[PDB]
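Novice: show me the folded form of this:
(2 chains)
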Amino acid sequence: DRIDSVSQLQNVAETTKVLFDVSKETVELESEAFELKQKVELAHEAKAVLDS
Amino acid sequence: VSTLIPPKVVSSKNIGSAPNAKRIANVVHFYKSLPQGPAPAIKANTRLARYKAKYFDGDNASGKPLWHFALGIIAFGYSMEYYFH
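Specialist: Residues are numbered from 1 along each chain as shown, chains lettered A, B, ... in the order given. Let me share the structure:
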(Lines give C-alpha, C1' and ligand atoms only; values in the text may rest on other atoms or scores of the structure.)
Protein backbone atom coordinates (compact mmCIF):
# COMPACT_ATOMS: atom_id res chain seq x y z
CA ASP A 1 0.00 0.00 0.00
CA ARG A 2 2.98 2.30 0.54
CA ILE A 3 4.08 1.36 -2.97
CA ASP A 4 0.55 2.20 -4.14
CA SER A 5 0.71 5.59 -2.42
CA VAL A 6 3.88 6.05 -4.45
CA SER A 7 2.17 4.71 -7.59
CA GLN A 8 0.05 7.79 -8.32
CA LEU A 9 3.05 10.15 -8.26
CA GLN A 10 4.80 8.17 -11.02
CA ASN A 11 3.18 9.69 -14.12
CA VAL A 12 2.46 13.02 -12.40
CA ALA A 13 5.97 14.51 -12.26
CA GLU A 14 5.90 14.33 -16.05
CA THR A 15 3.49 17.23 -16.44
CA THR A 16 2.92 18.92 -13.07
CA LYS A 17 5.27 21.79 -13.98
CA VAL A 18 4.16 21.57 -17.62
CA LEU A 19 0.61 22.35 -16.46
CA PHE A 20 2.00 24.99 -14.10
CA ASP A 21 3.45 26.73 -17.16
CA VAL A 22 0.62 26.05 -19.63
CA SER A 23 -1.96 27.51 -17.23
CA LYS A 24 0.36 30.44 -16.46
CA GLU A 25 1.81 31.80 -19.71
CA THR A 26 -1.28 31.26 -21.88
CA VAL A 27 -3.26 33.09 -19.18
CA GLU A 28 -0.55 35.76 -19.27
CA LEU A 29 -1.36 36.13 -22.99
CA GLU A 30 -4.69 37.83 -22.12
CA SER A 31 -3.40 41.42 -22.29
CA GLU A 32 -3.60 41.20 -26.08
CA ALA A 33 -7.31 40.31 -25.94
CA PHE A 34 -7.82 43.09 -23.39
CA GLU A 35 -6.23 45.75 -25.61
CA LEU A 36 -8.05 44.37 -28.66
CA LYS A 37 -11.34 44.64 -26.79
CA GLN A 38 -10.37 48.24 -26.06
CA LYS A 39 -9.84 49.02 -29.74
CA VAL A 40 -12.99 47.11 -30.75
CA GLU A 41 -15.01 49.14 -28.24
CA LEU A 42 -13.52 52.35 -29.66
CA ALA A 43 -14.52 51.14 -33.13
CA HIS A 44 -18.04 50.38 -31.88
CA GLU A 45 -18.31 53.86 -30.32
CA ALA A 46 -17.11 55.69 -33.43
CA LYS A 47 -19.15 53.45 -35.75
CA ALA A 48 -22.23 54.20 -33.64
CA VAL A 49 -21.50 57.92 -33.92
CA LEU A 50 -21.33 57.46 -37.69
CA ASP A 51 -24.57 55.47 -37.60
CA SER A 52 -26.22 58.29 -35.64
CA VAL B 1 -5.31 33.98 -7.39
CA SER B 2 -2.90 33.02 -10.16
CA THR B 3 -0.63 30.12 -11.07
CA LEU B 4 1.07 28.06 -8.36
CA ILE B 5 2.33 24.49 -7.86
CA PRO B 6 -0.39 22.53 -5.99
CA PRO B 7 1.38 19.21 -6.56
CA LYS B 8 4.96 20.36 -5.89
CA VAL B 9 4.13 20.89 -2.21
CA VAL B 10 5.10 17.26 -1.59
CA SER B 11 8.41 18.82 -0.55
CA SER B 12 7.05 20.19 2.74
CA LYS B 13 5.54 16.83 3.73
CA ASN B 14 5.77 13.32 2.35
CA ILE B 15 2.49 11.51 1.84
CA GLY B 16 1.36 9.41 4.77
CA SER B 17 3.00 10.43 8.05
CA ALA B 18 1.47 7.38 9.73
CA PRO B 19 2.32 5.21 6.67
CA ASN B 20 5.81 6.74 6.80
CA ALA B 21 6.21 5.70 10.45
CA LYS B 22 4.89 2.23 9.63
CA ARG B 23 7.27 1.94 6.68
CA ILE B 24 10.21 3.15 8.78
CA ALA B 25 9.43 0.45 11.33
CA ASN B 26 9.15 -1.94 8.36
CA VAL B 27 12.61 -1.01 7.03
CA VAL B 28 14.32 -1.63 10.37
CA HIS B 29 12.27 -4.80 10.89
CA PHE B 30 12.84 -6.39 7.47
CA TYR B 31 16.46 -5.27 7.03
CA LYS B 32 17.60 -6.38 10.50
CA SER B 33 16.15 -9.83 9.84
CA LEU B 34 17.95 -13.11 9.22
CA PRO B 35 18.40 -14.17 5.57
CA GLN B 36 16.78 -17.57 6.07
CA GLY B 37 16.49 -18.59 9.72
CA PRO B 38 20.12 -17.65 10.31
CA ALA B 39 21.95 -18.09 13.64
CA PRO B 40 20.54 -21.44 14.91
CA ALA B 41 23.20 -22.74 17.36
CA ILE B 42 21.53 -25.96 18.55
CA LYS B 43 24.26 -28.49 19.37
CA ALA B 44 26.00 -28.52 22.76
CA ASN B 45 27.81 -31.16 24.82
CA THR B 46 29.92 -30.64 27.95
CA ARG B 47 29.34 -33.02 30.89
CA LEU B 48 25.72 -31.94 31.44
CA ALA B 49 25.21 -30.13 28.13
CA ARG B 50 25.43 -33.46 26.28
CA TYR B 51 22.17 -34.16 28.10
CA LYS B 52 20.73 -30.63 27.83
CA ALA B 53 20.98 -30.27 24.05
CA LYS B 54 19.86 -33.91 23.63
CA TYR B 55 17.24 -34.58 26.33
CA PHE B 56 15.85 -31.04 26.78
CA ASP B 57 15.71 -30.55 23.00
CA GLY B 58 12.30 -30.19 21.41
CA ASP B 59 12.73 -32.78 18.66
CA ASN B 60 10.76 -35.20 20.85
CA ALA B 61 9.59 -33.34 24.00
CA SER B 62 7.74 -36.55 24.88
CA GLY B 63 7.27 -38.03 28.34
CA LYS B 64 10.57 -39.91 28.56
CA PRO B 65 12.62 -36.65 28.52
CA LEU B 66 11.36 -35.88 32.03
CA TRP B 67 11.28 -39.57 33.01
CA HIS B 68 15.06 -39.83 32.60
CA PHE B 69 15.31 -37.64 35.71
CA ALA B 70 12.98 -40.02 37.59
CA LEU B 71 15.00 -43.09 36.57
CA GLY B 72 18.26 -41.42 37.59
CA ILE B 73 16.94 -40.18 40.92
CA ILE B 74 15.62 -43.69 41.56
CA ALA B 75 19.10 -45.07 40.87
CA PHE B 76 20.50 -42.55 43.37
CA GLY B 77 17.82 -43.21 45.99
CA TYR B 78 18.14 -46.98 45.88
CA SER B 79 21.82 -46.63 46.79
CA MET B 80 20.74 -44.00 49.33
CA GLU B 81 18.46 -46.54 51.02
CA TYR B 82 21.17 -49.20 50.77
CA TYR B 83 23.68 -46.95 52.54
CA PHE B 84 20.98 -45.69 54.93
CA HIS B 85 18.56 -48.51 55.84
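Novice: need the nearest residue in space to the residue in chain B that chain A sits nearest to, chain neighbours excluded.
Specialist: For chain B and chain A, the shortest gap (CB to the nearest CB) falls at residue B:3, measuring 3.7 Å. Just so you know, the C-beta spots here come from the backbone N, C-alpha and C atoms, and that holds for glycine as well. Excluding the flanking residues, the one nearest residue B:3 by CB to CB, 6 or more residues apart in numbering or on different chains is residue A:24, at 3.7 Å.
Novice: just the element for the one you found, please.
Specialist: Residue A:24 is part of helix A:16-28, with elements assigned from DSSP states H and E.
Novice: need the helices for chain B, in chain order.
Specialist: B:17-31, B:49-55, B:64-84 (DSSP state H).
Novice: mean neighbour count added to those, as a markdown table?
Specialist: Shown next, in a markdown table, are the helices of chain B (neighbours: other CB atoms under 10 Å in any protein chain shown):
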| stretch | mean neighbour count |
| --- | --- |
| helix B:17-31 | 10 |
| helix B:49-55 | 14 |
| helix B:64-84 | 10 |
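Novice: now the ones you listed as TSV including distance to chain A?
Specialist: Shown next, in TSV, are these (distance: least, CB to the nearest CB, whole Å):
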stretch	distance to chain A
helix B:17-31	5
helix B:49-55	43
helix B:64-84	46
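Novice: want to throw the ones you listed into JSON lines with distance to residue A:29?
Specialist: Listed next are the helices of chain B as JSON lines, based on distance: least, CB to CB, whole Å:
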{"stretch": "helix B:17-31", "distance to residue A:29": "41"}
{"stretch": "helix B:49-55", "distance to residue A:29": "84"}
{"stretch": "helix B:64-84", "distance to residue A:29": "88"}
